[PDB]
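Beneath this line is the structure, given in structure tokens, with notes to follow.
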Amino acid sequence: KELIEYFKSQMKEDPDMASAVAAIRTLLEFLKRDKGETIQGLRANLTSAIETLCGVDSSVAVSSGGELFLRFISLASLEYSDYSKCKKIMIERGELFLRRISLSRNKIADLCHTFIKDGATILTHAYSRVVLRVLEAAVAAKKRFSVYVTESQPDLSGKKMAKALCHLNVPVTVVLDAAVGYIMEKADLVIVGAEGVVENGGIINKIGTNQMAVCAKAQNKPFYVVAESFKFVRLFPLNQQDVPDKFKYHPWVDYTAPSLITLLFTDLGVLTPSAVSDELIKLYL
Amino acid sequence: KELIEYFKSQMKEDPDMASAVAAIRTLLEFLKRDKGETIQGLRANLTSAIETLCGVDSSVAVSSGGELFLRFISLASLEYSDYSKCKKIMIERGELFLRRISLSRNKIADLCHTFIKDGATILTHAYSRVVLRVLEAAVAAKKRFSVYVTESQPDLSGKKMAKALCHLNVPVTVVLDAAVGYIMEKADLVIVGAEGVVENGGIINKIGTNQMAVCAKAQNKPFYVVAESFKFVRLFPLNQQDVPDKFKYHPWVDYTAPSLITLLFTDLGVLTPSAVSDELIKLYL
Amino acid sequence: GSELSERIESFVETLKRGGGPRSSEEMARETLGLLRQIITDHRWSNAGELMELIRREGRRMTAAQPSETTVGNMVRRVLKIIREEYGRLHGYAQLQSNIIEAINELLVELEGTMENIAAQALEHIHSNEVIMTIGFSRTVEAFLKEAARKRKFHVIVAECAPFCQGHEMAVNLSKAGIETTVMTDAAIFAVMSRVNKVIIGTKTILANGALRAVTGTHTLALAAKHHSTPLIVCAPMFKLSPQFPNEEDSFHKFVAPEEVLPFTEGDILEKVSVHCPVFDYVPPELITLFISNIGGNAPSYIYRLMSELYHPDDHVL
């Protein structure tokens with residue numbers, strides 16, 4: 001399996017790189033190395049590549065990125081009639097799409113950091129480069145705030161987040177995993193980076209997120225979520241058990257309703273949680 | 001310090017014994033070994049013994065038991081005029097009070113276990129003998145239910161609770177400390193044993209309790225609290241920071257409001273959270 | 001040239017000193033007239049030069065008064081109009097007449113917004129109803145005064161504590177005979193147990209569905225969310241702005257504190273700190289429905305109007 005080896009080589013070469021962007025790069029490399037002059041024959045190989053990537057990586061981000069890449073390939077196949085020009089058109093469009101996606105973290109950084117006030121108290125979940133990027137953009141604009149980071153009991157990455165953020169010389173405090181209702185009264189705003197955004201506006205994320213969002217509702221604190229465009233997935237979990245079991249594995253994942261989420265931050269803007277439904281039904285699966 | 005040595009000998013001889021009952025036994029032993037014929041001279045020595053017990057034991061239960069024993073000694077001093085008969089009267093009354101307190105776990109067991117339905121899903125916090133007693137009384141009445149126990153990240157006692165409960169041959173599952181909002185939809189009722197009950201009806205307990213009670217309010221599950229009479233304390237924390245710092249020490253303690261608590265279970269009965277105010281102002285500090 | 005400069009400077013000074021003119025519709029009309037007057041007498045080769053020129057004058061107009069963003073979002077609307085016209089002409093000399101007729105039909109749309117709100121007002125008022133209103137605006141006053149032409153209902157007018165502007169609205173509604181009851185802003189939760197629905201207006205609708213309005217309506221919306229009564233914001237489309245709430249902390253417009261504590265109080269005025277914010281912030285979760293001239297919209301739909309009237313490039317102006 002050269003696809004899993006190329007995905008591991010793309011994800012292990014840069015520790016500050018996401019997994020969904022490496023999955024999209026692996027799918028573009030597989031589409032470049034396929035060279036099959038068939039409409040459904042390329043779609044079946046793409047679906048096999050997405051299934052092989054989802055069998056290795058148990059994240060929702062790679063599955064949503066594969067679904068968006070399959071919708072993009074279907075749009076490129078429905079736009080152009082002949083396949084010979086459509087292959088090069090899809091290759092150039094995928095290169096431009098990867099170029100637009102690679103600059104989205106700068107968009108989150110310069111778009112979301114204006115919400116943090118001076119002397120504020122940020123509450124932060126486990127390690128993600130989006131929250132670290134928006135926090136270094138906040139301290140790049142000469143802002144002072146106290147950060148409370150969740151220790152992230154399954155994989156000790158909130159401790160890794162605090163170790164990466166203390167080298168940035170900011171006041172960072174590791175709080176206990178069962179203490180997000182204790183420090184909700186002192187944290188005036190909470191920013192939690194998500195790894196998957198469902199259609200109605202809720203987020204699929206790590207297991208300690210949703211209860212904190214419940215603590216964001218009984219204590220009326222604004223629950224802010226930073227997530228890029230490739231983390232949009234056309235799913236609707238009704239309860240915490242309606243998420244697929246391939247993303248669960250002591251669960252590693254949960255679901256947060258859009259009623260408990262105040263605002264979303266994507267490269268298309270600072271947007272209401274009702275807007276991801278608009279983008280997902282304007283993208284048409 | 002013979003008082004701390006006697007308290008350690010009373011608490012270490014029985015692992016299924018609480019700390020507040022050992023503090024009350026140590027206070028009765030100190031009152032028996034004092035032999036000081038003075039009203040305020042015995043009260044100052046009792047206050048010094050309570051301060052020495054609270055300097056060693058950082059729990060709220062020993063402080064509330066010391067406060068109730070000091071109120072009991074003040075009542076015995078205000079009832080009888082002469083001190084020579086009042087010393088023996090207080091000794092006999094303390095012996096009868098310890099006899100009444102020692103049978104209170106049977107009262108909780110035969111009084112609270114009728115609320116658990118068949119095929120239910122109990123959610124349980126860290127290790128306490130009250131919840132284990134009411135669960136063994138529930139399985140003594142031929143009841144079947146699934147137990148979800150919090151792992152208790154600071155001191156691994158929820159794992160010890162599951163190890164003590166799996167020898168009882170009941171279906172027990174260790175759930176993650178950040179997953180009490182994930183399993184709230186399947187747990188139809190939640191029972192959390194407390195270590196300190198404040199005047200308005202809230203409870204002072206371990207750090208993972210209160211947010212679960214928040215999950216008991218947004219998901220309307222009945223939050224049941226089992227606590228005995230010696231855990232009543234005449235304090236009023238406004239927020240999570242208004243608890244005293246001597247009971248905090250990464251905090252180890254929180255506070256749950258009486259609005260998020262459905263029912264209380266004491267040896268005086270199954271009682272509304274507004275009733276502990278009645279007992280505390282009928283006891284007059 | 002000279003006439004343009006003196007009219008622009010007079011506009012900047014009359015926006016800097018006080019409220020001139022009074023209502024938002026006539027100042028939106030004179031802002032559109034100022035924009036058409038500054039585009040008919042200029043010379044440009046590319047549309048980006050006119051974009052930067054309109055951007056500089058809009059920066060000056062928001063520097064004149066930051067809390068008054070009607071001129072800013074109308075400058076942004078003209079910017080999106082010239083952007084879509086350059087986009088539809090790019091895919092070269094007839095663009096100016098297109099922007100003039102676009103501004104003309106925008107003025108026709110702006111003249112008939114209150115009559116459209118009054119036309120769609122009939123499906124929101126039933127007989128023997130009670131109505132709560134805070135502050136004063138001609139939109140909700142015209143709303144109620146024509147909705148009482150066929151319905152019999154009651155209007156509760158709560159006055160505003162900085163400026164008692166509810167009094168002229170109460171005597172204007174009582175001339176139409178709507179059985180209006182005047183009260184303070186102090187018994188709102190004391191009257192919220194009987195209020196069926198609350199018809200209010202606003203000063204500025206934000207991008208996330210939130211709104212700034214006259215002060216005391218965040219408390220009123222909290223009481224309406226406590227009693228689960230529907231909140232109806234009758235606001236036109238020129239009060240819609242992309243300015244986010246947490247943006248440089250220049251949200252409220254603070255005015256002189258004599259209306260709160262007068263100057264004849266005594267020696268205690270030195271050791272006291274009296275603030276008077278005339279505007280207040282209401283989150284979108286306390287709003288149920290907005291009413292504009294095109295109809296009713298959810299607070300979870302305002303972003304689409306943000307995608308239909310404004311461009312995300314022109315948010316910084």
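Residues in the structure tokens are named by chain (A, B, ... in the order shown) and by number from 1 within that chain; ligands are numbered from 1 in the order shown.
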Residue 165 of chain C environment, 7 Å, only C-alpha atoms, sequence neighbours closer than 4 positions dropped, as number ranges by chain: C: 135-136, 159-160
Residues within 10 Å of segment 233-247 of chain A, only C-alpha atoms, excluding chain neighbours under 4 positions, as a PyMOL selection string: (chain A and resi 54-55+57-61+63-68+196-204+210+229+251-257+276-277+280-281+284-285) or (chain B and resi 181-186)
Which residues of chain A sit at most 8 Å from chain C, using only C-alpha atoms? Give each one's shortest atom pair and distance in Å (one decimal place), in chain and ascending residue order, as a tab-separated table.
residue	atom	partner	partner_atom	distance
A:114	CA	C:247	CA	6.1
A:115	CA	C:246	CA	4.9
A:116	CA	C:246	CA	7.5
A:117	CA	C:246	CA	7.6
A:263	CA	C:208	CA	7.9
A:269	CA	C:312	CA	7.6
A:270	CA	C:208	CA	8.0
A:271	CA	C:208	CA	6.6
A:272	CA	C:208	CA	5.8
A:273	CA	C:300	CA	7.9
A:274	CA	C:300	CA	5.7
A:275	CA	C:303	CA	7.3
Test item: residues at most 12 Å from residue 47 of chain A, only C-alpha atoms, excluding those fewer than 5 positions along its chain, as a VMD selection string: chain A and resid 27 30 to 31 40 to 42 52 to 54 63 66 to 71 73 to 74
What does the file look like for those residues with C-alpha atoms, as a PDB file, in the first residue's frame?
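Contents of part-v7.pdb, as written:
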ATOM      1  CA  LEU A  27      -5.652  11.793  -2.720  1.00  0.00           C
ATOM      2  CA  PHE A  30      -3.274   9.045  -6.109  1.00  0.00           C
ATOM      3  CA  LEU A  31      -5.318  10.887  -8.746  1.00  0.00           C
ATOM      4  CA  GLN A  40     -16.638   5.713 -12.588  1.00  0.00           C
ATOM      5  CA  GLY A  41     -13.301   3.883 -12.702  1.00  0.00           C
ATOM      6  CA  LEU A  42     -11.572   6.874 -11.136  1.00  0.00           C
ATOM      7  CA  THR A  52      -7.829   2.841   2.972  1.00  0.00           C
ATOM      8  CA  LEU A  53      -7.100   6.241   4.542  1.00  0.00           C
ATOM      9  CA  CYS A  54     -10.043   5.906   6.943  1.00  0.00           C
ATOM     10  CA  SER A  63     -13.017  11.370   6.173  1.00  0.00           C
ATOM     11  CA  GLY A  66     -12.038  12.734   1.446  1.00  0.00           C
ATOM     12  CA  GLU A  67     -15.757  13.464   1.089  1.00  0.00           C
ATOM     13  CA  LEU A  68     -15.036  17.039  -0.019  1.00  0.00           C
ATOM     14  CA  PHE A  69     -12.382  15.800  -2.463  1.00  0.00           C
ATOM     15  CA  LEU A  70     -14.829  13.250  -3.896  1.00  0.00           C
ATOM     16  CA  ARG A  71     -17.450  15.993  -4.285  1.00  0.00           C
ATOM     17  CA  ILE A  73     -13.897  15.317  -8.355  1.00  0.00           C
ATOM     18  CA  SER A  74     -17.599  14.791  -9.113  1.00  0.00           C
TER      19      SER A  74
END
Who sits within 9 Å of segment 140-151 of chain A, only C-alpha atoms, same chain under 4 positions skipped, as a PyMOL selection string: chain A and resi 113-114+116-126+135-136+155-162+170-180+183+187+208
For the residues in the current selection, export N, CA, C and O atoms as a CSV table (one decimal), in the first residue's frame.
chain,number,residue,atom,x,y,z
A,113,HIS,N,-8.4,36.5,16.1
A,113,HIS,CA,-7.7,37.1,17.2
A,113,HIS,C,-8.2,38.4,17.7
A,113,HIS,O,-7.8,38.9,18.7
A,114,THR,N,-9.1,39.1,16.9
A,114,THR,CA,-9.6,40.4,17.3
A,114,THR,C,-10.7,40.2,18.4
A,114,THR,O,-11.1,41.2,19.0
A,116,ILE,N,-10.3,38.5,21.3
A,116,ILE,CA,-9.8,38.3,22.6
A,116,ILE,C,-9.5,39.7,23.2
A,116,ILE,O,-8.8,40.5,22.6
A,117,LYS,N,-10.0,40.0,24.3
A,117,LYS,CA,-9.8,41.2,25.0
A,117,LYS,C,-8.6,41.2,25.9
A,117,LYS,O,-8.0,40.1,26.1
A,118,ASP,N,-8.1,42.3,26.3
A,118,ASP,CA,-7.0,42.4,27.2
A,118,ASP,C,-7.3,42.0,28.6
A,118,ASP,O,-8.4,42.4,29.1
A,119,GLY,N,-6.4,41.3,29.3
A,119,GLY,CA,-6.7,40.8,30.6
A,119,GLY,C,-7.8,39.7,30.7
A,119,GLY,O,-8.4,39.6,31.7
A,120,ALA,N,-7.9,39.0,29.6
A,120,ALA,CA,-9.0,38.0,29.5
A,120,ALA,C,-8.5,36.7,30.1
A,120,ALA,O,-7.3,36.5,30.5
A,121,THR,N,-9.4,35.7,30.1
A,121,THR,CA,-9.1,34.4,30.7
A,121,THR,C,-9.6,33.3,29.7
A,121,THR,O,-10.8,33.0,29.6
A,122,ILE,N,-8.7,32.8,28.8
A,122,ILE,CA,-9.0,31.9,27.8
A,122,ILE,C,-9.1,30.5,28.4
A,122,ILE,O,-8.2,30.1,29.2
A,123,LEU,N,-10.0,29.7,28.0
A,123,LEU,CA,-10.1,28.2,28.3
A,123,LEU,C,-9.9,27.5,27.0
A,123,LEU,O,-10.6,27.7,26.1
A,124,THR,N,-8.9,26.5,27.1
A,124,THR,CA,-8.4,25.9,25.9
A,124,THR,C,-8.4,24.4,26.1
A,124,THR,O,-8.1,23.9,27.1
A,125,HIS,N,-8.9,23.6,25.1
A,125,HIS,CA,-8.9,22.2,25.0
A,125,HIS,C,-7.6,21.6,24.6
A,125,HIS,O,-6.5,22.4,24.6
A,126,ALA,N,-7.5,20.4,24.1
A,126,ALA,CA,-6.2,19.7,23.8
A,126,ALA,C,-5.5,20.3,22.6
A,126,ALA,O,-6.0,21.3,22.0
A,135,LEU,N,-3.6,32.0,19.1
A,135,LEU,CA,-3.1,32.5,20.3
A,135,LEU,C,-1.8,33.3,20.1
A,135,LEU,O,-1.5,34.3,20.7
A,136,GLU,N,-0.9,32.7,19.2
A,136,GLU,CA,0.3,33.4,18.8
A,136,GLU,C,0.0,34.7,18.0
A,136,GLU,O,0.7,35.7,18.1
A,155,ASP,N,-4.7,11.2,25.6
A,155,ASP,CA,-3.4,11.5,25.0
A,155,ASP,C,-2.9,12.8,25.5
A,155,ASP,O,-3.5,13.9,25.3
A,156,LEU,N,-1.8,12.8,26.3
A,156,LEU,CA,-1.3,13.9,27.0
A,156,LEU,C,-0.8,15.0,26.1
A,156,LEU,O,0.4,15.1,25.9
A,157,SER,N,-1.7,15.7,25.4
A,157,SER,CA,-1.4,16.8,24.5
A,157,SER,C,-1.7,18.1,25.0
A,157,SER,O,-1.1,19.1,24.5
A,158,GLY,N,-2.6,18.3,26.0
A,158,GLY,CA,-2.8,19.5,26.6
A,158,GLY,C,-1.6,19.9,27.5
A,158,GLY,O,-1.3,21.1,27.6
A,159,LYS,N,-0.9,18.9,28.0
A,159,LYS,CA,0.4,19.2,28.6
A,159,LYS,C,1.4,19.6,27.6
A,159,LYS,O,2.2,20.4,27.8
A,160,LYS,N,1.3,18.9,26.4
A,160,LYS,CA,2.1,19.3,25.3
A,160,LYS,C,1.8,20.7,24.7
A,160,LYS,O,2.6,21.4,24.3
A,161,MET,N,0.5,21.0,24.8
A,161,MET,CA,0.0,22.4,24.4
A,161,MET,C,0.6,23.4,25.4
A,161,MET,O,1.1,24.5,24.9
A,162,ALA,N,0.6,23.1,26.7
A,162,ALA,CA,1.2,24.0,27.6
A,162,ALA,C,2.7,24.1,27.5
A,162,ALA,O,3.3,25.2,27.8
A,170,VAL,N,3.8,33.0,27.7
A,170,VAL,CA,2.5,33.4,28.1
A,170,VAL,C,2.1,32.7,29.4
A,170,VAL,O,2.6,31.6,29.6
A,171,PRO,N,1.2,33.3,30.2
A,171,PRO,CA,0.8,32.6,31.4
A,171,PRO,C,-0.2,31.5,31.1
A,171,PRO,O,-1.3,31.7,30.8
A,172,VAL,N,0.3,30.3,31.2
A,172,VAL,CA,-0.4,29.1,30.9
A,172,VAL,C,-0.5,28.2,32.1
A,172,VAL,O,0.5,28.0,32.8
A,173,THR,N,-1.7,27.7,32.4
A,173,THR,CA,-1.9,26.9,33.6
A,173,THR,C,-2.6,25.6,33.1
A,173,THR,O,-3.7,25.7,32.5
A,174,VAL,N,-2.1,24.4,33.5
A,174,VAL,CA,-2.7,23.2,33.2
A,174,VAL,C,-3.8,23.0,34.3
A,174,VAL,O,-3.5,22.9,35.5
A,175,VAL,N,-5.0,22.9,33.9
A,175,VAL,CA,-6.1,22.6,34.7
A,175,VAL,C,-6.5,21.1,34.6
A,175,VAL,O,-6.1,20.5,33.7
A,176,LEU,N,-7.1,20.6,35.6
A,176,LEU,CA,-7.5,19.2,35.6
A,176,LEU,C,-8.6,18.9,34.6
A,176,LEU,O,-9.3,19.8,34.2
A,177,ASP,N,-8.7,17.7,34.2
A,177,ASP,CA,-9.7,17.3,33.2
A,177,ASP,C,-11.1,17.3,33.7
A,177,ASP,O,-12.0,17.5,32.9
A,178,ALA,N,-11.2,17.1,35.0
A,178,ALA,CA,-12.5,17.2,35.7
A,178,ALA,C,-12.8,18.5,36.3
A,178,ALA,O,-13.6,18.6,37.3
A,179,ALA,N,-12.1,19.6,35.9
A,179,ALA,CA,-12.2,20.9,36.5
A,179,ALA,C,-12.7,22.0,35.6
A,179,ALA,O,-12.4,23.2,35.8
A,180,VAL,N,-13.3,21.7,34.5
A,180,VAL,CA,-13.8,22.7,33.5
A,180,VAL,C,-15.1,23.4,34.0
A,180,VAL,O,-15.4,24.4,33.5
A,183,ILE,N,-13.5,26.2,36.8
A,183,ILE,CA,-12.9,27.4,36.3
A,183,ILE,C,-13.7,28.1,35.3
A,183,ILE,O,-13.2,29.0,34.6
A,187,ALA,N,-13.2,32.1,33.7
A,187,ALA,CA,-12.9,32.1,32.2
A,187,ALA,C,-14.1,32.8,31.6
A,187,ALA,O,-15.2,32.3,31.4
A,208,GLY,N,-13.7,15.5,26.1
A,208,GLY,CA,-13.9,16.5,27.1
A,208,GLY,C,-14.5,17.8,26.6
A,208,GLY,O,-14.6,18.8,27.4
Pairwise distance for atom CA of residue 315 of chain C and atom CA of residue 80 of chain C, rounded to one decimal in Å: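 Atom CA of residue 80 of chain C lies 10.9 Å from atom CA of residue 315 of chain C.
Using only C-alpha atoms, the smallest distance between any of A:11, A:283, A:212, A:18 and chain B comes from A:212.
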Can you pull out the residues contacting residue 124 of chain C? Cut-off 10 Å, using only C-alpha atoms, and skip same-chain residues under 6 positions away; I want them as a PDB file with N, CA and C atoms, in the first residue's frame.
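Below is the file around_16.pdb, written as the result:
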ATOM      1  N   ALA C 147     -51.434  48.880  12.516  1.00  0.00           N
ATOM      2  CA  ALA C 147     -51.966  47.582  12.904  1.00  0.00           C
ATOM      3  C   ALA C 147     -53.184  47.717  13.803  1.00  0.00           C
ATOM      4  N   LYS C 197     -46.072  39.232  23.590  1.00  0.00           N
ATOM      5  CA  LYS C 197     -44.930  39.356  22.698  1.00  0.00           C
ATOM      6  C   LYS C 197     -44.430  40.789  22.741  1.00  0.00           C
ATOM      7  N   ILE C 199     -42.609  43.851  20.689  1.00  0.00           N
ATOM      8  CA  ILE C 199     -42.287  44.483  19.414  1.00  0.00           C
ATOM      9  C   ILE C 199     -41.326  45.626  19.707  1.00  0.00           C
ATOM     10  N   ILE C 232     -39.755  40.567  18.477  1.00  0.00           N
ATOM     11  CA  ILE C 232     -39.887  40.957  17.080  1.00  0.00           C
ATOM     12  C   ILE C 232     -39.141  42.270  16.899  1.00  0.00           C
TER      13      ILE C 232
END
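Atom pair atom CA of residue 220 of chain A / atom CA of residue 220 of chain B: separated by 17.8 Å.
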Per-residue DSSP, segment 41-210 of chain A, filtered to alpha helix (DSSP H), as number ranges by chain: A: 41-56, 60-79, 83-102, 104-112, 129-140, 158-166, 209-210
Which of segment 143-179 of chain B fall in strand (DSSP E or B), as a list in words: residues 145, 146, 147, 148, 149, 150, 172, 173, 174 and 175 of chain B
Export C-alpha atoms of the chosen residues as a PDB file, in the first residue's frame?
ATOM      1  CA  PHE B 145     -28.575  -2.360  36.827  1.00  0.00           C
ATOM      2  CA  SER B 146     -25.543  -1.154  34.882  1.00  0.00           C
ATOM      3  CA  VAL B 147     -23.038   1.010  36.773  1.00  0.00           C
ATOM      4  CA  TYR B 148     -20.819   3.670  35.167  1.00  0.00           C
ATOM      5  CA  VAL B 149     -18.053   4.748  37.563  1.00  0.00           C
ATOM      6  CA  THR B 150     -15.928   7.877  37.152  1.00  0.00           C
ATOM      7  CA  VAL B 172     -19.478  -2.107  36.397  1.00  0.00           C
ATOM      8  CA  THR B 173     -17.804   0.003  33.707  1.00  0.00           C
ATOM      9  CA  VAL B 174     -15.036   2.536  34.274  1.00  0.00           C
ATOM     10  CA  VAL B 175     -15.918   5.614  32.263  1.00  0.00           C
TER      11      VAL B 175
END
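Using only C-alpha atoms, the protein and nucleic acid residues lying no more than 12 Å from residue 168 of chain C, apart from those fewer than 5 places from it along its own chain, are residues 135, 136, 137, 138, 141, 157, 158, 159, 160, 163, 173, 174, 175, 180 and 182 of chain C.
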Those selected residues, please, written with C-alpha atoms and delivered as a tab-separated table (two decimals), in the first residue's frame.
chain	number	residue	atom	x	y	z
C	135	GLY	CA	-37.41	53.43	23.38
C	136	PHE	CA	-38.77	55.32	20.39
C	137	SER	CA	-38.55	54.75	16.65
C	138	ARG	CA	-40.88	55.69	13.82
C	141	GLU	CA	-44.79	53.44	16.01
C	157	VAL	CA	-44.52	51.64	26.53
C	158	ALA	CA	-41.56	51.52	28.91
C	159	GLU	CA	-39.58	54.76	29.03
C	160	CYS	CA	-35.81	55.01	28.75
C	163	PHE	CA	-33.52	60.07	27.60
C	173	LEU	CA	-49.83	55.99	19.84
C	174	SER	CA	-52.57	57.25	22.16
C	175	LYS	CA	-53.72	59.70	19.48
C	180	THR	CA	-51.16	52.41	25.54
C	182	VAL	CA	-46.83	54.19	30.13
Which polymer residues have any atom within 10 Å of an atom of segment 88-102 of chain A, counting only C-alpha atoms, with same-chain residues fewer than 6 positions away left out, as a tab-separated table (two decimals) with C-alpha atoms, in the first residue's frame?
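Resulting contents of out_27.tsv:
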chain	number	residue	atom	x	y	z
A	17	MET	CA	0.76	19.79	9.77
A	21	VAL	CA	-4.39	18.21	4.45
A	24	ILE	CA	-6.00	15.59	0.50
A	25	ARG	CA	-2.40	15.65	-0.76
A	27	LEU	CA	-5.65	11.79	-2.72
A	28	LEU	CA	-4.25	14.27	-5.26
A	29	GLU	CA	-1.10	12.14	-5.60
A	31	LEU	CA	-5.32	10.89	-8.75
A	32	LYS	CA	-2.09	11.93	-10.48
A	69	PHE	CA	-12.38	15.80	-2.46
A	72	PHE	CA	-14.80	18.16	-5.97
A	73	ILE	CA	-13.90	15.32	-8.36
A	74	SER	CA	-17.60	14.79	-9.11
A	75	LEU	CA	-17.96	18.52	-9.82
A	76	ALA	CA	-14.92	18.44	-12.13
A	77	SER	CA	-16.36	15.38	-13.90
A	80	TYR	CA	-16.18	18.98	-18.41
A	228	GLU	CA	-11.29	25.15	8.79
A	229	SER	CA	-13.29	24.33	5.67
A	230	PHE	CA	-12.06	20.74	5.21
A	267	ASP	CA	-11.67	31.17	6.27
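If you look at atom CA of residue 317 of chain C and atom CA of residue 55 of chain C, they are 5.4 Å away from each other.
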